[PDB]
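Structure first, then comments.
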Amino acid sequence: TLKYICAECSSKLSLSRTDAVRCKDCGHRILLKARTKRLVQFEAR
Amino acid sequence: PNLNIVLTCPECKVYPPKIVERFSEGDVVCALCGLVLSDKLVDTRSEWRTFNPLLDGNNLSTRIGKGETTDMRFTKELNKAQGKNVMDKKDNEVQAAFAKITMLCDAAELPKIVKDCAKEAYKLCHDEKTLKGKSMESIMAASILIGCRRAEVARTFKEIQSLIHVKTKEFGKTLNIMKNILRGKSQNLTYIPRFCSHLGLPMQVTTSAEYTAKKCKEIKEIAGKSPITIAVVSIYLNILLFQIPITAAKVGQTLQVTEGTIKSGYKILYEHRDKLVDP
Amino acid sequence: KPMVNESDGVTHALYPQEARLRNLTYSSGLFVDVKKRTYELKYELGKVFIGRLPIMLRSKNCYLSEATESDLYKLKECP
Amino acid sequence: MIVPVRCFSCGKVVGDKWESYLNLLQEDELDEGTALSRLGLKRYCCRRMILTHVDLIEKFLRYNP
Amino acid sequence: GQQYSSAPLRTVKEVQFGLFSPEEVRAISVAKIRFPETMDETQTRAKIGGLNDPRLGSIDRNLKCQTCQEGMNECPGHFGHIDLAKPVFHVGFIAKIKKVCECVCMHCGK
Amino acid sequence: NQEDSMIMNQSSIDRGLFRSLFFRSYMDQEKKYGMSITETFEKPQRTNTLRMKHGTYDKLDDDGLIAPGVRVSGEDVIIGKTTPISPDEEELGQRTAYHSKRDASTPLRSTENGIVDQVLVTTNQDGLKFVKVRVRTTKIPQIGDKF
Amino acid sequence: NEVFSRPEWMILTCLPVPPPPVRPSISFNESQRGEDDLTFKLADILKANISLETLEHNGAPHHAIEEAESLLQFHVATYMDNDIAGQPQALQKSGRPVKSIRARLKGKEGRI
Amino acid sequence: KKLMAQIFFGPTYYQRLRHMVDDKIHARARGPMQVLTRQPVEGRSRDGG
Amino acid sequence: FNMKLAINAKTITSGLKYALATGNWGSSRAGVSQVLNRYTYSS
Amino acid sequence: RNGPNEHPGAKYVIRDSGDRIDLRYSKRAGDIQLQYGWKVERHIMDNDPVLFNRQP
Amino acid sequence: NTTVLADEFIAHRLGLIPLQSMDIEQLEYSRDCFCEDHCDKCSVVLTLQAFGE
Ligand SMILES: [Zn+2]
Ligand SMILES: [Zn+2]
Ligand SMILES: [Zn+2]
Ligand SMILES: [Zn+2]
Ligand SMILES: [Zn+2]
Ligand SMILES: [Zn+2]
């Protein structure tokens with residue numbers, strides 16, 4: 001189960017596999033990849 | 001004789017080939033030992049970027065026509081003649097059924113996927129003395145429901161039957177025997193969205209109907225024997241869960257079930273609503 | 001008023017934005033009346049889909065030819 | 001977008017002048033030349049920057065996120 | 001480098017053009033191509049007798065080109081021929097064919 | 001200066017002068033032929049997959065993907081795609097251990113780099129899932145650039 | 001020149017077949033393995049070879065007899081020059097014309 | 001020092017353009033050949049010659 | 001007499017969608033449809 | 001030894017035996033013993049001559 | 001980062017925010033820090049907690 005988001009409710013779906021492409025609180029139909037809580041070190045050079 | 005080449009290091013001979021591929025400069029290099037093996041690695045990608053053999057298999061032919069530097073005679077001879085070399089192939093009855101389902105899968109909007117499977121299975125058998133004709137239609141009816149039933153979409157028989165009249169019985173055998181064909185050549189929920197899709201409903205009644213449909217089957221009430229019935233009563237009782245105007249009078253004339261089972265389905269479900277309260 | 005036939009079978013309104021990212025096509029369907037009839041010869045014994053038509057954006061047939069500026073933000077379309 | 005931090009050429013103080021700049025206009029019905037002046041921007045490389053910024057981000061914020 | 005070969009190296013000095021005795025076309029051709037079905041009908045490597053058969057030049061760097069051995073980078077291709085039931089005009093010469101006949105008696109042929 | 005060139009304040013550059021963003025986006029989709037051939041977004045491995053790109057995958061997720069915001073350089077495979085291989089069909093050398101699946105993943109341009117911006121997932125028009133990745137990189141003025 | 005240039009040979013009798021390298025097999029994802037316009041222009045002419053074979057093996061309607069020959073002599077012409085004046089532009093499946101051999105040499109970006 | 005002649009000087013609107021160098025640079029030493037004439041492939045993104 | 005076989009809808013929808021997607025306009029014409037040019041507003 | 005990477009380095013060492021080594025992916029073998037006759041693909045350095053054109 | 005700005009575009013301007021620098025010499029350079037790349041001898045670490053509330 002992996003946290004993905006929808007562009008009509010902005011709710012951390014956090015779903016897994018074998019599921020219809022949909023979101024909660026709005027029948028919405030697209031989802032994103034929801035960036036990593038893993039740090040990312042910066043070369044701000 | 002197998003006329004093969006096994007790629008192999010001459011200065012290692014250590015192992016089955018443990019190398020790496022240097023496409024972007026065109027060589028394979030002995031990953032371990034460091035020596036190139038081959039060179040001028042041709043493009044294997046930009047090759048395709050320019051541009052039915054699972055069905056048609058191996059035969060070749062072409063679609064052709066008239067030119068700008070031409071007259072209607074050469075247009076006419078290549079119109080008649082490029083019909084004269086189609087009898088060399090039964091594939092007129094191969095191609096046309098495609099063209100049939102090609103027309104048809106379109107006509108009821110079906111995606112590319114349903115068609116291809118519903119094409120593909122049509123390659124699979126395409127014939128047997130067992131089939132022995134069978135109308136050339138009820139097979140094609142079955143030739144798509146299999147593809148649909150395989151494209152993760154599911155349709156009732158009444159449905160494609162109300163796309164194509166097939167009397168459903170010889171078809172039903174034809175589909176049965178078609179299934180057992182691919183058995184040797186080797187799920188009632190799916191309808192609910194499209195059902196309510198015309199009903200302009202929102203998903204909750206559908207989802208609720210799912211767990212209702214989910215609960216009815218497992219416990220008891222083997223529920224439906226033609227259980228698209230219970231798929232429907234699920235809709236209706238799940239809109240009996242709602243106040244929203246969905247008269248079974250509307251449901252039956254729009255889902256094509258006399259409301260008697262709707263009452264009865266809901267009836268045992270007016271009894272089985274009690275254990276049908278998740279929210 | 002424009003829509004999509006999704007593969008499952010469902011159909012629904014479609015917004016220009018979703019068209020772009022679903023690689024869809026901003027079309028609306030067409031419907032015409034058909035008079036099927038017969039004669040036997042001097043004497044004679046619904047509504048029909050005919051295709052999907054793409055629509056120029058900001059045309060009356062496009063959802064946006066009215067929509068409010070604020071809603072354009074809610075429609076995620078630069079005003 | 002947002003009111004660059006200090007000028008390309010001079011580098012004097014802008015990431016403060018920005019909204020001070022505004023109140024002047026609305027409240028004081030105040031001309032620009034006068035405004036930047038009592039903002040303390042007597043040179044003009046700066047009298048470029050703020051004069052010709054575009055505060056776009058006040059558009060993006062309209063979008064629901 | 002390409003694999004060694006002992007035939008002494010020279011460079012072209014003359015190029016004589018001309019046409020084929022069809023005899024020659026057969027005389028060289030390693031193959032009579034038959035079945036427009038291109039490659040192995042069982043959807044494995046290649047269709048023999050057919051429009052690219054392994055007697056000809058070979059591919060995928062993994063074939064070996066039956067006659068002249070492996071290297072795709074060395075097989076220069078080897079020729080197929082096909083015979084024509086009915087002799088056919090060669091386009092490039094029609095003007096000269098139409099030019100020709102006027103020079104000859106159609107009966108004597110001289 | 002000569003012949004239409006220019007001298008730029010190297011400083012002003014440091015104050016964002018003329019700097020600009022740049023947005024590449026990448027596309028893919030998994031499509032089937034008899035469904036007996038089925039493309040699949042997933043993480044491929046040098047343990048069981050054949051013909052595998054030289055760069056790294058480990059920035060790939062288990063779903064064949066990458067979280068947005070992750071830094072990437074060139075030659076970092078962006079989307080992990082895999083294709084069915086028939087054992088009997090090809091026999092290209094190394095097949096005797098894998099017999100699993102072929103790679104047709106789409107790496108980042110070997111020449112570009114930056115930060116993943118926006119990963120979305122949809123079905124295409126016809127029900128096949130397909131993913132777009134958007135790349136963001138910043139572009140400071142350099143010697144060549146045309147003004 | 002009787003040794004190299006015979007009017008006998010001005011009229012095509014046996015066709016050589018340039019092996020794959022001239023007309024290679026563009027070969028993608030185990031499935032997406034396309035071929036060059038030449039590939040077909042063999043097969044069609046291979047077909048137009050074998051049909052008119054049988055029509056003369058079996059039967060002689062003696063005007064359709066003419067036809068596959070006008071037909072065959074048509075293709076082989078196209079196979080050797082697609083842009084011929086006062087003829088059809090013999091197209092490909094994709095609708096676009098056939099990259100005949102002469103076109104491989106025509107002008108800018110020909111081989112030469 | 002002073003500059004023995006006086007300079008023109010003002011602001012002026014300037015545009016930037018796509019044609020950044022990092023898009024226009026490449027060099028090739030035995031890249032990948034074509035399929036057909038085994039010649040070095042074309043195309044800058046493709047390691048062309 | 002069935003209607004849905006009678007009218008092949010694709011005949012139009014496929015026609016336009018194509019003939020937009022490329023400026024091919026039949027062939028017999030090209031250069032009429034482009035991708036839009038979203039470089040900068042004025043463009 | 002400077003490898004292909006720092007500028008005054010080299011990419012390819014050619015053995016007289018028609019035989020070519022990439023200097024990266026052979027660092028496992030490290031430093032080799034070179035010999036006369038062998039070829040070496042250094043990077044370009046100063047004062048090589050190069051041919052330098054502007055089309056047309 | 002939820003915000004509408006691209007990250008470094010923030011981080012860029014976070015560069016140009018002037019800082020108190022009297023006692024600057026009592027700080028030694030980054031490179032000259034044997035430290036684990038920063039420490040109270042070489043650098044100052046600032047962080048931020050901005051919320052659109
Ligand atoms: Zn939502
Ligand atoms: Zn080795
Ligand atoms: Zn200034
Ligand atoms: Zn050969
Ligand atoms: Zn005579
Ligand atoms: Zn320190």
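Residue names in the structure tokens use chain letters A, B, ... in the order shown, residue numbers from 1 in each chain, and ligand numbers from 1 in the order shown.
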Need to verify the contact set: segment 20-36 of chain H, 7 Å, only C-alpha atoms, exclusion of same-chain residues closer than 5 positions in sequence. Can you return it as a PyMOL selection string? (chain B and resi 23-26+40-43) or (chain F and resi 144-146) or (chain H and resi 41+44+47+49)
Those same residues - C-alpha atoms - I'd like them written as a short mmCIF file (atom, residue, chain, number, x, y, z; two decimals), in the first residue's frame.
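Below is the file out_8.cif, written as the result:
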data_model
loop_
_atom_site.label_atom_id
_atom_site.label_comp_id
_atom_site.auth_asym_id
_atom_site.auth_seq_id
_atom_site.Cartn_x
_atom_site.Cartn_y
_atom_site.Cartn_z
CA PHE B 23 24.68 0.67 -26.74
CA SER B 24 25.36 4.40 -26.68
CA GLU B 25 28.76 3.68 -28.24
CA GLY B 26 27.90 0.34 -29.76
CA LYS B 40 28.98 -1.38 -34.43
CA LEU B 41 26.00 -2.24 -32.28
CA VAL B 42 23.22 -1.11 -34.59
CA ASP B 43 20.26 0.89 -33.40
CA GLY F 144 26.77 29.92 -25.23
CA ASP F 145 23.20 30.92 -24.58
CA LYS F 146 21.39 33.06 -27.11
CA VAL H 41 23.43 7.30 -36.70
CA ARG H 44 21.76 14.77 -31.58
CA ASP H 47 24.33 10.32 -30.40
CA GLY H 49 27.31 11.88 -36.25
#
Please tabulate, as JSON lines, the residues of chain J that come within 12 Å of ligand 2, each with its closest pair of atoms and the distance in Å to one decimal, counting only C-alpha atoms and all ligand atoms and ordering rows by chain, then residue number upward.
{"residue": "J:21", "atom": "CA", "partner": "ligand 2", "partner_atom_place_in_ligand_line": "1 (Zn)", "distance": 10.7}
{"residue": "J:25", "atom": "CA", "partner": "ligand 2", "partner_atom_place_in_ligand_line": "1 (Zn)", "distance": 11.2}
{"residue": "J:26", "atom": "CA", "partner": "ligand 2", "partner_atom_place_in_ligand_line": "1 (Zn)", "distance": 10.2}
{"residue": "J:28", "atom": "CA", "partner": "ligand 2", "partner_atom_place_in_ligand_line": "1 (Zn)", "distance": 11.7}
{"residue": "J:29", "atom": "CA", "partner": "ligand 2", "partner_atom_place_in_ligand_line": "1 (Zn)", "distance": 11.0}
Site check for ligand 5: residues at most 10 Å away, only C-alpha atoms and all ligand atoms, as an MDAnalysis selection string: chainID E and resid 104:110
Need to verify the contact set: segment 32-43 of chain J, 8 Å, only C-alpha atoms, exclusion of same-chain residues closer than 3 positions in sequence. Can you return it as an mmCIF file with C-alpha atoms, in the first residue's frame?
data_model
loop_
_atom_site.group_PDB
_atom_site.id
_atom_site.type_symbol
_atom_site.label_atom_id
_atom_site.label_comp_id
_atom_site.auth_asym_id
_atom_site.auth_seq_id
_atom_site.Cartn_x
_atom_site.Cartn_y
_atom_site.Cartn_z
ATOM 1 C CA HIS J 7 41.091 15.333 -18.809
ATOM 2 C CA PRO J 8 44.646 14.296 -19.712
ATOM 3 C CA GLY J 9 43.429 10.702 -19.677
ATOM 4 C CA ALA J 10 42.654 7.985 -22.178
ATOM 5 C CA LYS J 11 39.677 5.777 -23.055
ATOM 6 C CA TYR J 12 40.969 2.923 -25.189
ATOM 7 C CA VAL J 13 44.128 0.840 -25.220
ATOM 8 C CA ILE J 14 44.546 -1.245 -28.354
ATOM 9 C CA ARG J 15 46.447 -4.510 -28.316
ATOM 10 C CA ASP J 16 48.391 -5.333 -31.486
ATOM 11 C CA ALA J 29 42.595 -5.087 -13.928
#
Near chain C, meaning an atom within 10 Å, which residues of chain F appear when counting only C-alpha atoms? Write them as an MDAnalysis selection string. chainID F and resid 120:132
Kindly export the residues of the current selection with N, CA, C and O atoms, as a tab-separated table (two decimals), in the first residue's frame.
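This is the output file out.tsv:
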chain	number	residue	atom	x	y	z
F	120	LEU	N	1.84	11.31	-12.44
F	120	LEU	CA	0.42	11.01	-12.41
F	120	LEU	C	0.19	9.64	-13.02
F	120	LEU	O	1.07	9.07	-13.66
F	121	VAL	N	-1.00	9.10	-12.80
F	121	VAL	CA	-1.37	7.79	-13.32
F	121	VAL	C	-2.80	7.84	-13.79
F	121	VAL	O	-3.69	8.24	-13.04
F	122	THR	N	-3.03	7.42	-15.03
F	122	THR	CA	-4.38	7.31	-15.57
F	122	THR	C	-4.44	6.08	-16.45
F	122	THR	O	-3.42	5.48	-16.80
F	123	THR	N	-5.66	5.72	-16.83
F	123	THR	CA	-5.88	4.86	-17.98
F	123	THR	C	-5.93	5.74	-19.20
F	123	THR	O	-6.36	6.89	-19.13
F	124	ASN	N	-5.52	5.19	-20.34
F	124	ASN	CA	-5.66	5.95	-21.56
F	124	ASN	C	-7.14	6.03	-21.88
F	124	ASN	O	-8.00	5.62	-21.10
F	125	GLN	N	-7.46	6.60	-23.05
F	125	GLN	CA	-8.83	6.55	-23.53
F	125	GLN	C	-9.39	5.14	-23.41
F	125	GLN	O	-10.47	4.94	-22.85
F	126	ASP	N	-8.65	4.16	-23.89
F	126	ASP	CA	-9.17	2.80	-24.01
F	126	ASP	C	-8.72	1.90	-22.87
F	126	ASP	O	-8.40	0.73	-23.08
F	127	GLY	N	-8.67	2.43	-21.66
F	127	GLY	CA	-8.62	1.59	-20.48
F	127	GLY	C	-7.26	1.08	-20.10
F	127	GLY	O	-7.14	0.41	-19.07
F	128	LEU	N	-6.23	1.35	-20.89
F	128	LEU	CA	-4.88	0.94	-20.53
F	128	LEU	C	-4.23	2.02	-19.69
F	128	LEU	O	-4.21	3.20	-20.07
F	129	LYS	N	-3.69	1.62	-18.55
F	129	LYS	CA	-3.06	2.55	-17.63
F	129	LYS	C	-1.82	3.15	-18.26
F	129	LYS	O	-1.10	2.48	-19.00
F	130	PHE	N	-1.57	4.43	-17.99
F	130	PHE	CA	-0.41	5.06	-18.60
F	130	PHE	C	-0.01	6.28	-17.79
F	130	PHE	O	-0.85	7.04	-17.32
F	131	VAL	N	1.30	6.45	-17.66
F	131	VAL	CA	1.90	7.32	-16.66
F	131	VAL	C	2.71	8.41	-17.35
F	131	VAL	O	3.40	8.15	-18.34
F	132	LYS	N	2.61	9.62	-16.82
F	132	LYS	CA	3.43	10.74	-17.25
F	132	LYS	C	4.30	11.19	-16.09
F	132	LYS	O	3.80	11.33	-14.96
Which residue is closest to ligand 4? Choose from E:83, E:30, E:45, E:36 and count only C-alpha atoms and all ligand atoms. E:30
